[PDB]
Amino acid sequence: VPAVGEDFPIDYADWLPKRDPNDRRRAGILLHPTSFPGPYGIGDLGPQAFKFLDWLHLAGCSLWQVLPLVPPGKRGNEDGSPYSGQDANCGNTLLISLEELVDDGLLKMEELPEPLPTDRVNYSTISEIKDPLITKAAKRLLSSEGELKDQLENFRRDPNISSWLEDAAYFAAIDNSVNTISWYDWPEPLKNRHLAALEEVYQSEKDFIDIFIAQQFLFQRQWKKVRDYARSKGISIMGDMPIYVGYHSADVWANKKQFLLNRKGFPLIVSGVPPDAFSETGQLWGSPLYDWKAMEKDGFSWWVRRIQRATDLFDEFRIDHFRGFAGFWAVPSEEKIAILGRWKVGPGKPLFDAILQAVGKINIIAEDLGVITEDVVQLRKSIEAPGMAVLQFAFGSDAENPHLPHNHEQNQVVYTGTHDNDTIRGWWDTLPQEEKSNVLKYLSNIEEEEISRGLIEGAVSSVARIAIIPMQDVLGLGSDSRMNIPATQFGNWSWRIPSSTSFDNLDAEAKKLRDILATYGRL
Ligand SMILES: [Ca+2]
């Protein structure tokens with residue numbers, strides 16, 4: 006601008022305040038693809054994914070949130086959990102659409118199963134049905150000689166892809182052959198990745214490894230098609246990643262020095278959270294912990310690659326237990342409970358500086374629920390990452406509760422509830438009378454019969470730049486439709502949109518959402 010007191014240009018009054026596109030108000034729906042309806046026992050990246058995206062577009066939503074897309078562990082009672090993944094980078098092959106594979110010529114229609122029970126994902130039977138079909142398709146692709154073969158080759162050879170995929174495939178092949186509970190007990194040449202032993206693995210387990218890679222290509226291609234379609238409809242996809250990875254994975258076995266392990270590869274300390282006046286005992290998660298000191302020395306290369314893959318899949322993503330980047334609870338690996346442990350200093354902002362330098366700008370959402378400390382808030386603010394507000398947590402304390410709308414801020418993501426909460430209707434049904442009174446009063450004395458509308462509107466009308474509603478709440482569903490109960494080992498991650506509900510029959514629901522998005526400037 007000119008010197009103080011001097012003339013501005015004649016057109017000064019046209020220099021109107023700028024609206025940063027990153028600040029655009031948006032609304033989204035939380036719906037994990039396993040929850041899509043259809044005849045094959047689990048939702049997939051096929052015809053229903055596109056019907057869903059059409060419905061989202063009709064509803065005026067510009068975001069779709071999913072849970073992690075990784076292959077869930079099947080080795081306990083974590084049945085189907087997106088948060089107990091077998092690998093940090095691979096896609097869940099159960100999400101691969103049998104119909105799209107028929108379109109590709111990799112499966113024959115006659116090979117597809119007769120329609121399976123539709124109400125709920127049965128994680129105990131679904132792999133036995135779908136795995137052989139995905140394998141058949143992968144084998145057909147491997148023996149083919151056209152455009153898809155060429156694409157498979159480009160995929161396998163891509164330096165970003167190969168940085169995790171080769172290790173993931175060899176890990177799975179060895180796991181299949183050796184079949185111990187963990188790699189800690191593998192024969193030393195395989196445990197310690199002797200060059201000759203790995204060469205021998207590819208010779209003896211060639212087919213397994215080739216098929217594993219082909220399956221990951223099939224996932225990649227289907228996911229890309231979905232993401233491209235979403236983008237065509239003005240819809241971004243928000244993913245999710247746990248801060249930690251599991252011990253028995255290629256992530257650890259192929260990158261041992263990234264983790265705090267002893268000389269025999271056993272974790273020295275493991276993840277958890279301490280007691281916070283709850284049942285005397287805290288929570289023992291048991292994941293290996295990162296050697297953040299070692300990581301800083303190479304510019305956080307392992308974390309950079311993890312982020313690269315996340316951006317290959319998602320437009321933006323939440324990191325669970327974001328507080329772990331500021332401070333993390335460490336339990337000696339011998340302990341059977343979380344009581345005995347210490348808080349350790351996390352990597353802080355330098356991790357995010359290195360990510361920025363390597364990968365560029367990313368919308369990372371900080372999961373910041375529960376008791377968090379001041380350093381966590383300062384870290385989050387320092388990288389301009391939005392935290393969370395969850396309306397189902399807002400009404401049981403006092404007016405300073407950060408989840409209450411009058412306490413929201415613009416750079417934040419507001420939910421009615423997440424996959425960890427009951428549905429609005431389910432939550433209401435078990436809510437104590439005193440809290441019910443408080444909710445109704447807060448929401449301008451609305452009727453109990455309109456609680457769902459009240460909470461949905463409370464989210465949409467918030468100043469928070471992103472509002473997310475679970476699909477269950479759009480559908481008016483109760484506790485039988487809850488995705489996860491955090492205390493538990495069974496019945497989780499299995500909810501599906503009922504067979505009788507189809508996206509083409511949800512025009513009324515889309516209009517109802519679109520109208521409030523219009524009113525509250527999210528359209
Ligand atoms: Ca096994």
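Here the sequence shown stands for residues 6 to 528, where the numbers follow the working numbering.
Heads up, the beta-carbon is just placed ideally off N, CA and C, and yes, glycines get one too.
| query | result |
| --- | --- |
| Near ligand 1: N184 beta-carbon under 6 Å from a heavy atom | yes |
| Opposing strand residues paired with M300 [DSSP bridges] | Answer by DSSP bridge pairing: none, since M300 is not bridged. |
| Check whether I242 and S67 have beta carbons under 7 Å apart | no |
| Proximity winner among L356, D109, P137, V350, relative to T378 (alpha-carbon distances) | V350 |
| CA-to-CA distance, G65 to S442, given in whole angstroms | 32 Å |
| Opposing strand residues paired with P38 [DSSP bridges] | Per DSSP, none; premise fails for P38. |
| DSSP-derived helix/strand/coil call for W500 | strand |
| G431 - containing alpha helix (DSSP H), residue span | 429-434 |
| Cβ of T140 within 7 Å of any chain C Cβ | Absent from the structure is chain C; it holds one protein chain and no more. |
| Close beta carbons around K269, own chain, < 8 Å, minus the five adjacent residues each side | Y189 |
| Burial state of residue 607, where buried means 16 or more other Cβ atoms lie within 10 Å | Given a span of 6 to 528 for the chain in the structure shown, any question on residue 607 remains unanswerable. |
| Sequence-distant residues of its chain with Cβ nearer than 6 Å to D49 (five each side left out) | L100, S102 |
| Cβ distance (whole Å) where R314 is taken to contact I370 below 8 Å | Their Cβ separation, rounded to whole angstroms, is 17 Å, which puts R314 and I370 out of contact at 8 Å. |
| Among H326, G304, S338, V336, nearest to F357 - alpha-carbon criterion | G304 |
| CA-to-CA distance, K79 to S167, given in whole angstroms | 25 Å |
| Assumed close pair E372, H326 - CB separation to whole angstroms, cut-off 8 Å | 6 Å |
| Neighbour-count burial assignment, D512, 16 or more Cβ in a 10 Å radius | exposed |
| Beta-carbon proximity of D478 to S254, cut-off 7 Å | no |
| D16 (DSSP reduced to helix, strand or coil) | coil |
| Assigned secondary structure, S254 (DSSP; H/G/I helix, E/B strand, else coil) | coil |
| Contact under 7 Å by Cβ, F330 with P293 | no |
| Three or more C-beta pairs below 8 Å linking the stretch 279-295 and the stretch 339-347 | yes |
| For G332, the nearest candidate out of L361, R311, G277, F319 (CA to CA) | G277 |
| Assigned secondary structure, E321 (DSSP; H/G/I helix, E/B strand, else coil) | strand |
| Proximity to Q417 [Cα-Cα], best of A469, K354, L460 | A469 |
| Spatially closest choice to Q70 from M246, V444, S486, by CA coordinates | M246 |
| Span of the beta strand (DSSP E) around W69 | 68-70 |
| Whole-angstrom distance between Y128 and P44, CA atom to CA atom | 15 Å |
| Unbroken alpha helix (DSSP H) run spanning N368, endpoints | Where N368 is concerned, there is no enclosing alpha helix (DSSP H), although the beta strand (DSSP E) it sits in stretches over 368-371. |
| N-terminal and C-terminal residue of the beta strand (DSSP E) that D245 is part of | 241-247 |
| Assigned secondary structure, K141 (DSSP; H/G/I helix, E/B strand, else coil) | helix |
| Contacts around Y420, its chain only, beta-carbon distance under 6 Å, and the 5 residues preceding and following it disregarded | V395, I473 |
| Rounded separation between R311 and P14 - CA only | 50 Å |
| Assigned secondary structure, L396 (DSSP; H/G/I helix, E/B strand, else coil) | helix |
| Neighbourhood of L138 by C-beta distance below 7 Å, restricted to the same chain and skipping five residues each side | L103, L112, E116 |
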